[PDB]
């Protein structure tokens, strides 16, 4: 109803007087949930004092209330051109941008304004992970394959088939696998996949050596899938392997592939089948004992590990688990004594001081732990195979980075250890993320982002992939604020 032509021709206080009047009329309508009348009066007031950010801010509140998100952005942005720190215009613009799924913009305004930031950060992480949607570390693979009798595994290939044209490739794959070298795992993965493809073609005349060979290629290709976190793929081939020639490895591997934190009964059921197929196979007991260990069933873990130990006394791993059990029972001296007796029998093996270092760390005896890590690394260096990989570098770096609370040597020492670790074992998520956090503490945001991003590619689970991406997306926002 205001004659805004006439009002414009009034003195400067009078025009001011009218914008005030007209704004309040708009506020009346806004309160009466009559948003088109509200907007109309605010636009009237704007014609009389374009300089007042509250008119623009009030108009954007109207559009928040009608759902017009583009209009919220325009009007809050008009408010913020005048006064970049207007709190309601920053709050409203962040909200519209979250609604448009412009999460980084939301996060920027909420940051400038100074749980909502959390929420946009989490939505941004999932958005980038979904847009974005590799064998584990050499360290993890040497650890996985450590319990197996390599000569037994390699010799398990049958040479007596009259049709098997894949078995020499399979034997190569197994030989490479058990070499426990960087090249060894990369070549093993390739050759296993190729062997499986040839066995699938061959299977579709056949003899029992080819069928057993096939069950072996499927079994190990199956476990490679598990290791890469392709759980359906792993189950498919391990089931196929079972169909052709049931073996203890196939059951052990399928049990691991199907492990279920809710209900353990199926796992133990597979393990009984594996036991029946060969009661004298040590990896069956060692693996079952690892599960009892995970379940804190320490009595049963011990008996399984003693059993694996008696069947293969030359493998260091049953000894280690047995010493670790004494420590989890609260018998540290007995644990330490078992480690020492184990070191006497395997004085070249970095496995022993590495796992003992972890118990020392857990007790808060950090200086002894580092000494043990220093020993394991030197022992690792002298071996021809991978035993503990970069585990001693990470063990020592985590302690030094922590201890440096700033202790600037300690911090630099940790950096050089983690950089070394990332170089020697590039597929290690743990070494990258660990470095990324230090880079970020040094304010090396660009380097940190790249590290977090690689770590997300390398991570196995969704949850780990999303943790990594979240760190990277947080850092990109910090980089934008500093930009």
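Positions refer to the first chain, counted from 1.
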Legend entry - Other entries lacking residue 23, at least a third: no
Legend entry - Residue gap status of residue 407, at least a third of other entries: yes
Legend entry - Missing residues, deposited sequence, between residue 333 and residue 334 (class: none, 1 to 3, 4 to 9, 10 or more): none
Legend entry - Gap size between residue 160 and residue 159, counted in deposited residues that the entry leaves unmodelled: none
Inset, instruction - Return whichever of 261-269 and 347-355 has the greater mean Cα B factor according to the PDB record. - result: 261-269
Inset, instruction - Averaging only over Cα atoms, indicate whether 22-30 or 429-437 has the higher B-factor in the PDB entry. - result: 429-437
Inset, instruction - Please work out which residue in 76, 97, 137, 278 has the highest C-alpha B-factor recorded for this crystal structure. - result: 278
Inset, instruction - Tell me which of 240, 197, 131, 212 tops the list for C-alpha B factor in the record. - result: 131
Legend entry - Third of the chain, ranked by Cα B-factor, where residue 381 sits: middle
Legend entry - residue 296, C-alpha B-factor rank within chain (lowest, middle or highest third): lowest
Inset, instruction - Would you mind checking where the Cα B-factor of residue 67 ranks among the modelled residues of its chain, as the lowest, middle or highest third? - result: highest
Legend entry - Ranked against its chain, the third holding the CA B-factor of residue 447: highest
Legend entry - Chain thirds of CA B-factor: placement of residue 168: middle
